[PDB]
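So the chains spell out like this:
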Amino acid sequence: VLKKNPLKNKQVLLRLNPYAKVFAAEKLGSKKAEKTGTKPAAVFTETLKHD
Amino acid sequence: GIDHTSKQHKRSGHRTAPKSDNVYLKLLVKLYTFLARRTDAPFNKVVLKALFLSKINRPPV
Amino acid sequence: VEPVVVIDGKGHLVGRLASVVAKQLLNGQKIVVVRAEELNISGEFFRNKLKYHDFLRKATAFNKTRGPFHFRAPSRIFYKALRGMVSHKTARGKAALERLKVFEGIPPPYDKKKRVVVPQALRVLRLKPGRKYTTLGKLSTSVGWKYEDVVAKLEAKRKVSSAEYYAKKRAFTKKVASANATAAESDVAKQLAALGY
Amino acid sequence: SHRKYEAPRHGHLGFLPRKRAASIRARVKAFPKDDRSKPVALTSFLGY
Amino acid sequence: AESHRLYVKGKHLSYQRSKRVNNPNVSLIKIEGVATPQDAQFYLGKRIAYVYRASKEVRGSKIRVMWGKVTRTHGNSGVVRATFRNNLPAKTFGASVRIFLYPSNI
Amino acid sequence: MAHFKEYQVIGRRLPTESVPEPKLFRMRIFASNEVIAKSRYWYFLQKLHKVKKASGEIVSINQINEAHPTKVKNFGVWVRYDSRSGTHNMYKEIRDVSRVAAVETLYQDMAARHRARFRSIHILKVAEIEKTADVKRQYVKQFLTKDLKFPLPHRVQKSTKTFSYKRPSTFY
Amino acid sequence: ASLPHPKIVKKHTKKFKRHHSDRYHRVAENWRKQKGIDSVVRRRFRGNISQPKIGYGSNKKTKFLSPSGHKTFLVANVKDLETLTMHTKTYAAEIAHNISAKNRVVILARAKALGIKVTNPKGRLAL
Amino acid sequence: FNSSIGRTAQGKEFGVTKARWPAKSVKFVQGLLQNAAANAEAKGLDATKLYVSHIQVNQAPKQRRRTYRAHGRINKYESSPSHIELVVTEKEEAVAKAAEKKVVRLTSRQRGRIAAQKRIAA
Amino acid sequence: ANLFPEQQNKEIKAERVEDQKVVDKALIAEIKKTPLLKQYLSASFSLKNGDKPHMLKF
RNA sequence: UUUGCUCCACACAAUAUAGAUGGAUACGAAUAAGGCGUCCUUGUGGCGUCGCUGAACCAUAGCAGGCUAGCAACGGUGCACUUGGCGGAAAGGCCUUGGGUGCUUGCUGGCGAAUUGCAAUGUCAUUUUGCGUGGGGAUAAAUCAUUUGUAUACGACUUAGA
RNA sequence: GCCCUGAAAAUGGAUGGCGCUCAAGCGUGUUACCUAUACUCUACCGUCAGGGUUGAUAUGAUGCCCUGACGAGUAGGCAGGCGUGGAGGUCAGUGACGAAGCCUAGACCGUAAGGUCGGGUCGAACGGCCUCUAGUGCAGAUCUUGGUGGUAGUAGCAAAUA
RNA sequence: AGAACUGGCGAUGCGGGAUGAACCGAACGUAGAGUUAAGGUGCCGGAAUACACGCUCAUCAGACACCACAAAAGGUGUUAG
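As stated in the entry header, the method of structure determination is cryo-EM and the reported resolution is 3.5 Å.

With that out of the way, let us pick up the sheet that holds strand β3 (residues 91-95) of chain G. Residue and element names in this part refer to chain G. An order of β1-β2-β3 is seen for the 3 strands of this open sheet, with the pairing classed as mixed. Two strands bound the open sheet, and with one partner strand each, they are β1 (65-66) and β3. Of the strand pairs in this sheet, strand β2 (residues 70-75) and β3 are connected by 5 bridges, and their pairing is parallel. Counterpart to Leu-74 in the pairing with β3 is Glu-94.

All told, the structure shown has 20 salt bridges over all chains when counted by the stated rule. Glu-6 of chain F is paired through a salt bridge with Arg-28 of chain F; the nearest N and O atoms lie 2.7 Å apart. A residue pair is termed long-range when its members are at least 10 positions apart, and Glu-6 of chain F in the segment before β1 (8-11) and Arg-28 of chain F in strand β2 (residues 25-28) qualify at 22 residues. It is possible to trace a salt-bridge network through shared partners that takes in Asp-8 and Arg-35 of chain C together with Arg-167 of chain F.

Bringing the arrangement of the chains into the picture now. Between all 7 pairs of chains that are in contact, chains C and F come out with the most contacts. As for chain D relative to chain C, no contact occurs, and the smallest C-alpha gap between them is 11 Å. At the C-alpha level, the nearest point of chain D lies 54 Å from chain I, with no contact between them.

A separate point is the protein's contact with RNA strand L. Contacts to RNA strand L come from 48 residues, most closely from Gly-1 of chain B, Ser-19 of chain C, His-114 and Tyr-139 of chain F together with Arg-44 of chain G. When the atoms of RNA strand L within 4 Å of the protein are sorted by group, sugar and phosphate make up 70%. For RNA strand L, a sugar or linking oxygen lies 2.7 Å from a polar atom in the backbone of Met-85 of chain C. Contacts to RNA strand L include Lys-92 of chain F, whose side-chain N or O atom sits 2.8 Å from a sugar or linking oxygen. Contributions of two or more residues to the surface near RNA strand L are made by α1 (14-25) and α2 (45-56) of chain C, β2 (22-31) and β4 (65-74) of chain E, α2 (99-112) of chain F together with α1 (40-43) of chain G.

The next point concerns the interface of chain C and chain F. Taken together, the contact between chain C and chain F spans 20 residues of the former and 10 residues of the latter. Both faces combined, the contact of chain C with chain F buries some 1400 Å², and carbon together with sulfur accounts for 67% of it. A per-residue breakdown of the area chain C buries against chain F is headed by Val-117, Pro-119 and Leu-125 of chain C, which together make up 35% of the total. Here chain C and chain F share 1 salt bridge between them. A salt bridge links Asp-8 of chain C to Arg-167 of chain F; the shortest N-O distance between them is 3.5 Å. Counting across the interface, chain C meets chain F through 4 residue pairs in polar contact. Along the lines of polarity and charge, the residues of the side of chain C that touches chain F split into 12 nonpolar, 3 polar and 5 charged.

What counts and what doesn't
Residues numbered from 1 in each chain as written, not as in the entry; some residues may be left out. Chains lettered and ligands numbered in written order. Part of a larger assembly, values for the part shown. Heavy atoms only, no water. Pairing = 2+ DSSP bridges. Helix = DSSP H or I, 4+ residues; strand = E, 2+ residues; numbered from the N terminus. Salt bridge = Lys/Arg side-chain N within 4 Å of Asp/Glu carboxyl O. Contact = heavy atoms within 4.5 Å. Near = heavy atom within 4 Å. Polar contact = N/O pair within 3.5 Å; in protein donor to acceptor, adjacent residues only side chain to side chain. Buried area = accessible area lost by both parts, 1.4 Å probe. Nonpolar A, V, L, I, M, F, W, Y, C, P; charged D, E, K, R; others polar.

Below is the structure:
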């Protein structure tokens, strides 16, 4: 009778996509990334910094 | 504001009951609305719908 | 924040002023303008003269009487340029105009009491240093006002009577200032010093 | 359509309105420019 | 001792409106001192009360009251929309009103 | 417009059977975001080679941040603006802290001195003119002297309140 | 005694008077839609008598309910009255205007010992 | 009923400018008053304290008559009559008061203040 | 509603009164530790002409 | 006209509010310049200082502010007198001398407050008038009617009449 | 580019007005802000549509209930309702202890047509429901008949000597 | 005056264009809250006497579509080129 949406109601948010229990504790949406910091070619930079 | 694709509030066009006040004929109908809503048989649906037809759609067989 | 905001007129620019003074009335705030002949207007003298002359020829045909009355008194000018800035035809507008009082020079009541100023209207806080402005009293006189002299005479009187009051206040301020100088350095004055005073 | 034959208007407008003056004694709207140097003399009078 | 104001001086300006259609269901008050929508927020909720004097005395007073409450900021000069159990008179545009400090959040 | 961003967008027609790996074209575009950047890209591109969004693709679209975002520099400019009359070429100079802001000052100077909307404006030769004396306009040649200095006459202290009690000074 | 009735709203309380029912005394206050081609009230302008739309219909939950959550039912004589012996909480007995001052008192006497709410318990109650 | 009527000085004591002297209207009124004063005597009242309380004169059935206007048209010549009626009352003194006591309905915090007030003083 | 207003005849509970001091003393002994706090408390509140509760601090 | 009329101090009823709820807190002139202090040889001077808002200054603690005890100062100060002066631009206000009288939160005490029950403006301003107090003061005219003609359609105007 | 000139018409006069001159102008870019019967959520009405539901020792399955959408509208079409005269039936209906009618800035119901009640007035019939029936609903028609205004105590009642 | 396509108006209110059948926005059950469109935010009037770059001085300024008209031709006025 009432369209209680998720996003601002953790109770319904779990009544659909039960993965929001695991997503919570795991954090996930904020989980860090790997610093596989490589290097961009010398060409890339001289063409990006052209006149 | 809505760009109606279709003509709003179409009264369907089909009959929902016999235009007559034939008490007995109205009983058969209440008998068949039931059958056509519980038996599930396609037969009752046609027979029910068939009671609502005027004398020009109930030709003398 | 006070019941009456006596507003000094000198330097102010008609329109700008007229507007804030008009919003303060339609807000309940009571107001009284003073020195309306020291009131300035944008544009040079000759322009503001033609503009009054192009309004001076605007009267009702069949009866120059029931026509648009052309007031020459600086107070009434600034006022007509404030009327158009209020719904004076409604009771509310009629009412707001009864909170307003525009005076030439500075009459007896509004002289013993402090008059303020509106920065957002003032000439020397607007007009790009260089543009030619116009003094009201000057224009008005050249369009019917016949009391230019009478005021210059009275304010001259008041300015000297006031200058004498401030001279007493000049030494009286320095008087208490000198007592406040030695009262400082004391244990009760240094207590407030840390308490932001 | 114009007047046809321009002719001086009848009457002086600066003498309006032609209403019955308030009092029988014509008020003296203005008196001579004051001369602070002469004897203190009178400026008008009341005749018949 | 001489002052006892536990509220703030607000002025009832005009009703929420357009160029030619005012909606009396909502008013607009210019609170004393407030001038920004950020610092206006601290007044939201604060039950408002327009106090006026009547001739005929009711349950026991000749000074009846109109209750309201700030509902939201409005504009950029610290004005706030207010609603009352019964919308305001209109004869009160330029009438000093009272903004209390409750419900208090501090 | 907003705060520009000198985007770098390269396109290269589209890999056709006969001509695979087509000569890429790099355009140093200006705009307030990326889509305006791309649009403006074909816009100029199709005004050089028979190539438009339908026949081509957007290789890469990387932004281009200023070299020394705190190094006040002189700028040289060449603009191909279409005035109401027809179209003209010109060279203005805007000494500022970056290409992006100097071009922002330019565009609004194009709207003030020659009423030309961003739409009737093509930005040609735009680079930082190295040494002075290379400054062809005196209005820039001005702020280029031995340890300059100047006052700010008539300060106009903007008021917060409606009324004052202290009639305003303009000393600085 | 009235069954728990939801807050009775009305949406529009001001009666719908014919347009100009004030201008001319001939034009009765009785509502009538303006069929006119130029009629401003029909064209529905900004500031003219709001016409009776169906949208002003009342909550079927509170339609016919008088201020005391009771639907009023006209009562002729006592025989007619006892139709409410089993609905003292839903209806209110309304004595008709053609009921004698003597008969009314008999009806009230019956309606009181039955627990019915007579809406007009003052009709011809001359002391 | 005074449009185009003449002006007169005698109408100053009332505050108007228009005032006529309806000799007939008066003779029928003072003539009828004569009758009122006489009814008061046979009813036994004070000929002094007597004053007119209610005097109402309204339209009567217009006496019909005709007049001939040019081109042989017949325009009416109505005779608007009256229906005067009045009441001479004995003038009584003391308007009196006979005011209502007024049942006060003050709230508990409205009594409290009255209680706390008459608690510091009398 | 039959006396209105015939004073009290209902004032206070000797209990409630004594219970005050039972606590009053406890805090009173706490207030004479912080200077002027007794004065600050025997003092009422009020907003001054040029007092802003939003840009204020308590 | 039986004592009507008016001014003051009140007293109580009526009365309304374009809207008190700490204080409208007085140079002038300038603004590509000023204020303030101060110095001399007094100037369109020298020197110091300040501004960047009133976000100031004043007021402000006490049953809307009570009852008492003082301490220290003799200041501040409210009301009502009083002295002298100033102000006519709408002066109707500002300044002053001296008594009086209440308070003083500049410092320290002691009592009081509750039940308005967990908020309900929670009533404290000033406007007008009326009816009753007793206390001063003052004893007219206008209009109509008559009259005139410098006036006039009528009103109006202008004269005259104990 | 801005600006000046080129730029002459009749009642006084219109960037809408006032007024605006580092604008409240012209150009531009940035924000925040404002408010339509539109958009979003919700409540209520109605229409439409899709379904549910005999169910027992109860009362409407042209019933109750759930569900979704939509609502402008002259000419016009249809459907559902309100009202009036009279007809068959019905309430063993109302009534001289006051019917009908009329009055009522008195109350209630209905979106509405209208219905209902109190008070007043009044004096002899009348109403609800089920059907039947029609000379069945008025603001116009330079409508008919009758009646009454403003006009207006106005025009004017002035030839024939008095 | 007469055609084409489309949209309107007619028949359609509403908010803006001061004002207006046709333009901008937008289509109407009755309410509430929110958010906007169009258009605007000195005062009239709800909304910044907001921000920034500039240009402009007119003894006949200029002021935002339909829209309430202005030109060819001139200016050592000034700005930029």
